[PDB]
Amino acid sequence: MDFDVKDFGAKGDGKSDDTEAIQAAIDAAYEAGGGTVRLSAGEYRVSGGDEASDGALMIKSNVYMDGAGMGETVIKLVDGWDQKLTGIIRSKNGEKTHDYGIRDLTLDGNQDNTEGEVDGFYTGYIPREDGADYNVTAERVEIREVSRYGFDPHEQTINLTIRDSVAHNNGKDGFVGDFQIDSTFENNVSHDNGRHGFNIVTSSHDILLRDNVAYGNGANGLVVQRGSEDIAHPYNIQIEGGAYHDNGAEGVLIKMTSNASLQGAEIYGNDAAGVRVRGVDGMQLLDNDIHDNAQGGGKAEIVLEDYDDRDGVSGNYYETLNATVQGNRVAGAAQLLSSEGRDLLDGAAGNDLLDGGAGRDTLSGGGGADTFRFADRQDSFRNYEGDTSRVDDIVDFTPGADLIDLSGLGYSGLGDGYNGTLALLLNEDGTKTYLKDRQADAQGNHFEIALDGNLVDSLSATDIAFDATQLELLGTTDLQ
Ligand SMILES: [Ca+2]
Ligand SMILES: [Ca+2]
Ligand SMILES: [Ca+2]
Ligand SMILES: [Ca+2]
Ligand SMILES: [Ca+2]
Ligand SMILES: [Ca+2]
């Protein structure tokens, strides 16, 4: 049913310590088997316990707390607190707390008049052990002025939902999803935090980040990452819609993650790249609107690259792989580099650099002057002993504007296709033009590229860089 904190002695006056009163309301609601702890408008001061892991208030299974609205019900930390406090509202470590939530209320960490690391909302069970909180909701909650992490749901929580909420002016990250599972962050705003807007980390997976907005943060608008430990990477991370703008680092940064997707977002005004992808296995970058990034310097609106952790905790080298980059509007350069397996890589209006690496890739540059790089003869080839597969195709090569960068491959020029020359050929129905090495290597492979369309007469020697000197003369981008 309903429990009003005032009926348990809570004053809501901005000066009395209401911790024990609100906690009494919570314990009564839990002992009845579940209930709504109700708080009328006011500022309720709260204080911590003997240890950081006590937090301030302990929410419990089947208890929901409903305020009078963001800005109207404010739970605020007392002046003078000088001890690390991990969760102004939190569940208990070492207990599987479930079917609880907070709505229509503000948590104020009062960093101006306190010292020590404070987190707003903390969930989860026990780091490095199996077990989870589950069915956790925060609706229309505002978390502000904590010295560290605003929303800090933590390892492990399953079916966390945070919606229609706001984190601002927190000392580090507005939102952390630490080992969250099968969870949802929707229509939230995270702004003017000391470091990240949203930070999904520590093995989190099956996460939907829909229509969130992040601006004015000291670092990334959104970062999805493994973290500093040698643990399972996050995976199945779907970012849909929303806006990541005017941040101190990249708009969206994804690193050491598997099967991530970023679609339909507006990404602008960031100091670093709009989107940066580092060592991501399965990346979809679809239908975004990306402009005016790299305000702090830098040559690229989009960066795909590897993540070399060989000298770090895992000892591993992580390629970006399995990438699909399509339908984006990109007012500046895209660096689209991938590796083994089939990549679909589309540039936009900028002067882009495209290289699908090993396997059979489909590349398009769009407008501007783009460089399609082929770094190894085994990255686009045909073996007649078996399939034409493994031959890359360029969709829209534009003679006079685009460039084919073969500068590392050791061919001398166009010719009959032997002796280190490449032959320019048209297939039978005139739908594809090939550059071909007619000399098989020892495995029977022929370096070969397809250009979609008929370019046997339009293409010329100045469209291909055959060595580093030519590449310096002809290169179309700042990115090499
Ligand atoms: Ca718990
Ligand atoms: Ca302080
Ligand atoms: Ca590839
Ligand atoms: Ca382009
Ligand atoms: Ca182009
Ligand atoms: Ca390739």
# chains A, B, ... in the order shown; residues from 1 in each chain; ligands from 1

$ select_by_dssp --residues "region 402-475 of chain A" --states "strand (DSSP E or B)" --output "PyMOL selection string"
chain A and resi 403-405+413-415+421-426+432-436+445-452+464-465

$ closest_atom_pairs --of "region 385-422 of chain A" --to "region 351-359 of chain A" --cutoff "8 Å" --atoms "only C-alpha atoms" --output "Markdown table"
| residue | atom | partner | partner_atom | distance |
| --- | --- | --- | --- | --- |
| A:390 | CA | A:359 | CA | 5.5 |
| A:391 | CA | A:359 | CA | 7.9 |
| A:392 | CA | A:359 | CA | 7.8 |

$ residues_near_ligand --ligand "ligand 4" --cutoff "6 Å" --atoms "only C-alpha atoms and all ligand atoms" --output "mmCIF file with N, CA, C and O atoms, in the first residue's frame"
data_model
loop_
_atom_site.group_PDB
_atom_site.id
_atom_site.type_symbol
_atom_site.label_atom_id
_atom_site.label_comp_id
_atom_site.auth_asym_id
_atom_site.auth_seq_id
_atom_site.Cartn_x
_atom_site.Cartn_y
_atom_site.Cartn_z
ATOM 1 N N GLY A 347 31.593 5.670 -46.882
ATOM 2 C CA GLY A 347 31.856 7.058 -46.536
ATOM 3 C C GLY A 347 30.659 7.979 -46.850
ATOM 4 O O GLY A 347 29.587 7.556 -47.283
ATOM 5 N N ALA A 348 30.876 9.276 -46.630
ATOM 6 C CA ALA A 348 29.827 10.289 -46.680
ATOM 7 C C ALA A 348 30.476 11.489 -47.344
ATOM 8 O O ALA A 348 31.399 11.298 -48.144
ATOM 9 N N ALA A 349 29.995 12.704 -47.075
ATOM 10 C CA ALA A 349 30.426 13.866 -47.857
ATOM 11 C C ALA A 349 31.890 14.245 -47.646
ATOM 12 O O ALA A 349 32.396 15.077 -48.409
ATOM 13 N N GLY A 350 32.570 13.685 -46.630
ATOM 14 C CA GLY A 350 33.968 13.994 -46.360
ATOM 15 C C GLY A 350 34.958 13.271 -47.287
ATOM 16 O O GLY A 350 34.598 12.458 -48.136
ATOM 17 N N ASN A 351 36.233 13.628 -47.133
ATOM 18 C CA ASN A 351 37.335 12.978 -47.848
ATOM 19 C C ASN A 351 37.770 11.806 -46.971
ATOM 20 O O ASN A 351 38.507 11.982 -46.001
ATOM 21 N N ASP A 352 37.260 10.620 -47.255
ATOM 22 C CA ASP A 352 37.362 9.485 -46.347
ATOM 23 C C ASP A 352 38.476 8.517 -46.728
ATOM 24 O O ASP A 352 38.923 8.437 -47.876
ATOM 25 N N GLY A 365 32.661 5.542 -51.342
ATOM 26 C CA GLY A 365 33.185 6.749 -50.749
ATOM 27 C C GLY A 365 32.167 7.866 -50.550
ATOM 28 O O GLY A 365 32.354 8.762 -49.704
ATOM 29 N N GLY A 366 31.091 7.839 -51.337
ATOM 30 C CA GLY A 366 30.202 9.008 -51.335
ATOM 31 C C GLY A 366 30.898 10.228 -51.924
ATOM 32 O O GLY A 366 31.888 10.116 -52.685
ATOM 33 N N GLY A 367 30.378 11.416 -51.566
ATOM 34 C CA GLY A 367 30.909 12.659 -52.115
ATOM 35 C C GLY A 367 32.300 12.936 -51.573
ATOM 36 O O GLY A 367 32.837 12.177 -50.774
ATOM 37 N N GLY A 368 32.941 14.005 -52.063
ATOM 38 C CA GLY A 368 34.328 14.254 -51.682
ATOM 39 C C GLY A 368 35.315 13.306 -52.375
ATOM 40 O O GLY A 368 34.951 12.441 -53.160
ATOM 41 N N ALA A 369 36.593 13.459 -52.052
ATOM 42 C CA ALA A 369 37.642 12.662 -52.673
ATOM 43 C C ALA A 369 38.115 11.627 -51.663
ATOM 44 O O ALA A 369 38.690 11.980 -50.627
ATOM 45 N N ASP A 370 37.880 10.358 -51.958
ATOM 46 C CA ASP A 370 38.128 9.291 -50.995
ATOM 47 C C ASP A 370 39.273 8.389 -51.452
ATOM 48 O O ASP A 370 39.496 8.169 -52.652
#

$ residues_near_ligand --ligand "ligand 1" --cutoff "9 Å" --atoms "only C-alpha atoms and all ligand atoms" --output "PDB file with C-alpha atoms, in the first residue's frame"
ATOM      1  CA  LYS A  60      14.588  -3.315  -0.117  1.00  0.00           C
ATOM      2  CA  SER A  61      12.761  -5.922  -2.147  1.00  0.00           C
ATOM      3  CA  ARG A  90      21.166   1.695  -2.485  1.00  0.00           C
ATOM      4  CA  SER A  91      20.383  -1.966  -2.064  1.00  0.00           C
ATOM      5  CA  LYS A  92      22.435  -4.146   0.248  1.00  0.00           C
ATOM      6  CA  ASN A  93      25.656  -5.812  -0.881  1.00  0.00           C
ATOM      7  CA  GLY A  94      25.464  -9.608  -0.684  1.00  0.00           C
ATOM      8  CA  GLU A  95      21.647  -9.741  -1.039  1.00  0.00           C
ATOM      9  CA  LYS A  96      19.642 -10.337  -4.265  1.00  0.00           C
ATOM     10  CA  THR A  97      17.366  -7.309  -3.996  1.00  0.00           C
ATOM     11  CA  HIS A  98      14.498  -7.221  -6.449  1.00  0.00           C
ATOM     12  CA  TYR A 122      23.712   2.029  -6.222  1.00  0.00           C
ATOM     13  CA  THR A 123      22.482  -1.483  -7.010  1.00  0.00           C
ATOM     14  CA  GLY A 124      23.825  -4.998  -7.313  1.00  0.00           C
ATOM     15  CA  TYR A 125      24.962  -7.997  -5.411  1.00  0.00           C
ATOM     16  CA  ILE A 126      28.673  -8.829  -4.957  1.00  0.00           C
ATOM     17  CA  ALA A 132      22.167 -10.239  -9.162  1.00  0.00           C
ATOM     18  CA  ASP A 133      19.659  -7.642  -8.163  1.00  0.00           C
ATOM     19  CA  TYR A 134      16.775  -7.709 -10.623  1.00  0.00           C
ATOM     20  CA  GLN A 156      25.207  -7.548 -11.295  1.00  0.00           C
ATOM     21  CA  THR A 157      21.767  -6.102 -12.008  1.00  0.00           C
TER      22      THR A 157
END

$ residues_around --residues "residue 289 (chain A)" --least-positions-apart "6" --cutoff "7 Å" --atoms "only C-alpha atoms" --output "PyMOL selection string"
chain A and resi 265-267+328-330

$ residues_near_ligand --ligand "ligand 3" --cutoff "9 Å" --atoms "only C-alpha atoms and all ligand atoms" --output "list in words"
residues 321, 322, 323, 337, 338, 339, 340, 341, 342, 343, 344, 355, 356, 357, 358, 359, 360, 361, 362, 379 and 392 of chain A

$ write_last_selection --atoms "N, CA, C and O atoms" --output "short mmCIF file (atom, residue, chain, number, x, y, z; two decimals), in the first residue's frame"
data_model
loop_
_atom_site.label_atom_id
_atom_site.label_comp_id
_atom_site.auth_asym_id
_atom_site.auth_seq_id
_atom_site.Cartn_x
_atom_site.Cartn_y
_atom_site.Cartn_z
N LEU A 321 36.35 -5.51 -36.27
CA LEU A 321 35.94 -6.53 -37.23
C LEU A 321 34.46 -6.43 -37.49
O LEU A 321 33.70 -5.93 -36.64
N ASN A 322 33.99 -7.12 -38.53
CA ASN A 322 32.53 -7.26 -38.79
C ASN A 322 31.82 -5.91 -38.66
O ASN A 322 30.90 -5.79 -37.85
N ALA A 323 32.23 -4.97 -39.49
CA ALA A 323 31.69 -3.62 -39.42
C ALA A 323 30.75 -3.33 -40.59
O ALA A 323 30.98 -3.77 -41.73
N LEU A 337 38.31 1.57 -41.20
CA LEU A 337 39.31 0.51 -41.32
C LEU A 337 38.77 -0.71 -40.60
O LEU A 337 38.33 -0.58 -39.46
N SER A 338 38.86 -1.88 -41.23
CA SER A 338 38.43 -3.11 -40.60
C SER A 338 39.36 -4.25 -41.02
O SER A 338 40.34 -4.06 -41.77
N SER A 339 39.04 -5.48 -40.65
CA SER A 339 39.98 -6.61 -40.78
C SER A 339 39.23 -7.83 -41.29
O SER A 339 38.24 -7.71 -42.02
N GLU A 340 39.78 -9.01 -40.98
CA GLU A 340 39.24 -10.30 -41.45
C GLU A 340 37.65 -10.41 -41.44
O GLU A 340 36.85 -10.04 -40.51
N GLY A 341 37.17 -11.01 -42.53
CA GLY A 341 35.74 -11.08 -42.65
C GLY A 341 35.20 -9.97 -43.53
O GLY A 341 35.92 -9.06 -43.95
N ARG A 342 33.90 -10.05 -43.81
CA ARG A 342 33.23 -9.18 -44.77
C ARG A 342 32.79 -7.90 -44.07
O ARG A 342 32.00 -7.95 -43.13
N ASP A 343 33.27 -6.74 -44.55
CA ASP A 343 32.87 -5.43 -44.06
C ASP A 343 32.10 -4.65 -45.12
O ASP A 343 32.39 -4.76 -46.32
N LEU A 344 31.12 -3.85 -44.70
CA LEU A 344 30.39 -2.96 -45.62
C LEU A 344 30.65 -1.55 -45.15
O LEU A 344 30.13 -1.14 -44.10
N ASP A 355 39.42 1.08 -45.87
CA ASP A 355 40.19 -0.15 -46.02
C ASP A 355 39.47 -1.26 -45.27
O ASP A 355 39.54 -1.29 -44.03
N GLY A 356 38.86 -2.21 -45.98
CA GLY A 356 38.22 -3.37 -45.33
C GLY A 356 39.16 -4.47 -44.88
O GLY A 356 38.70 -5.47 -44.29
N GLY A 357 40.46 -4.37 -45.20
CA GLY A 357 41.33 -5.44 -44.66
C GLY A 357 41.04 -6.80 -45.30
O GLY A 357 40.42 -6.89 -46.37
N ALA A 358 41.49 -7.87 -44.65
CA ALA A 358 41.27 -9.22 -45.18
C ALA A 358 39.78 -9.51 -45.44
O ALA A 358 38.89 -8.81 -44.90
N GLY A 359 39.48 -10.50 -46.30
CA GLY A 359 38.10 -10.86 -46.59
C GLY A 359 37.46 -9.95 -47.62
O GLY A 359 38.05 -8.99 -48.12
N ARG A 360 36.19 -10.25 -47.94
CA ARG A 360 35.53 -9.65 -49.09
C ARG A 360 34.66 -8.48 -48.64
O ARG A 360 33.59 -8.68 -48.05
N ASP A 361 35.09 -7.28 -48.97
CA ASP A 361 34.46 -6.05 -48.52
C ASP A 361 33.79 -5.29 -49.66
O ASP A 361 34.21 -5.36 -50.82
N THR A 362 32.77 -4.52 -49.31
CA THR A 362 32.10 -3.63 -50.24
C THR A 362 32.26 -2.23 -49.68
O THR A 362 31.81 -1.96 -48.56
N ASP A 379 44.35 -9.25 -49.43
CA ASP A 379 43.13 -8.65 -48.92
C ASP A 379 42.00 -8.51 -49.95
O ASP A 379 40.88 -8.11 -49.58
N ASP A 392 37.17 -7.76 -53.36
CA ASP A 392 36.50 -6.55 -52.92
C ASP A 392 35.83 -5.81 -54.09
O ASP A 392 36.35 -5.78 -55.22
#

$ residues_near_ligand --ligand "ligand 2" --cutoff "7 Å" --atoms "only C-alpha atoms and all ligand atoms" --output "ChimeraX atom specification"
/A:111-115,147

$ residues_around --residues "residue 36 (chain A)" --least-positions-apart "3" --cutoff "12 Å" --atoms "only C-alpha atoms" --output "JSON, numbers by chain"
{"A": [1, 2, 3, 4, 5, 22, 25, 26, 27, 28, 29, 30, 32, 33, 39, 59, 60, 61, 62, 63, 64, 65, 66, 67, 99, 100, 101, 102, 103]}

$ write_last_selection --atoms "C-alpha atoms" --output "mmCIF file, in the first residue's frame"
data_model
loop_
_atom_site.group_PDB
_atom_site.id
_atom_site.type_symbol
_atom_site.label_atom_id
_atom_site.label_comp_id
_atom_site.auth_asym_id
_atom_site.auth_seq_id
_atom_site.Cartn_x
_atom_site.Cartn_y
_atom_site.Cartn_z
ATOM 1 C CA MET A 1 0.000 0.000 0.000
ATOM 2 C CA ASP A 2 1.309 3.486 0.898
ATOM 3 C CA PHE A 3 3.699 4.768 3.584
ATOM 4 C CA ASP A 4 4.230 8.513 4.046
ATOM 5 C CA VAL A 5 7.635 9.351 5.506
ATOM 6 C CA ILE A 22 12.721 7.439 5.759
ATOM 7 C CA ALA A 25 9.121 3.906 6.191
ATOM 8 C CA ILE A 26 11.154 1.584 3.934
ATOM 9 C CA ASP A 27 11.440 -1.188 6.543
ATOM 10 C CA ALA A 28 7.700 -1.046 7.275
ATOM 11 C CA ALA A 29 6.911 -1.295 3.552
ATOM 12 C CA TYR A 30 9.265 -4.260 3.190
ATOM 13 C CA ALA A 32 4.312 -5.776 4.912
ATOM 14 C CA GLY A 33 5.706 -7.613 1.858
ATOM 15 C CA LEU A 39 7.472 11.506 0.117
ATOM 16 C CA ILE A 59 15.953 0.213 -0.337
ATOM 17 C CA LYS A 60 14.588 -3.315 -0.117
ATOM 18 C CA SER A 61 12.761 -5.922 -2.147
ATOM 19 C CA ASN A 62 9.243 -4.924 -3.321
ATOM 20 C CA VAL A 63 9.636 -1.344 -2.017
ATOM 21 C CA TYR A 64 9.194 1.578 -4.422
ATOM 22 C CA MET A 65 9.856 5.214 -3.385
ATOM 23 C CA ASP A 66 7.687 7.890 -5.015
ATOM 24 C CA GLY A 67 8.383 11.589 -4.532
ATOM 25 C CA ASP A 99 11.366 -5.477 -7.714
ATOM 26 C CA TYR A 100 12.262 -2.111 -6.244
ATOM 27 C CA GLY A 101 12.571 1.393 -7.619
ATOM 28 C CA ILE A 102 12.596 5.154 -7.224
ATOM 29 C CA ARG A 103 10.437 7.761 -8.985
#

$ closest_residue --among "A:373, A:299, A:84, A:255" --to "ligand 6" --atoms "only C-alpha atoms and all ligand atoms"
A:373
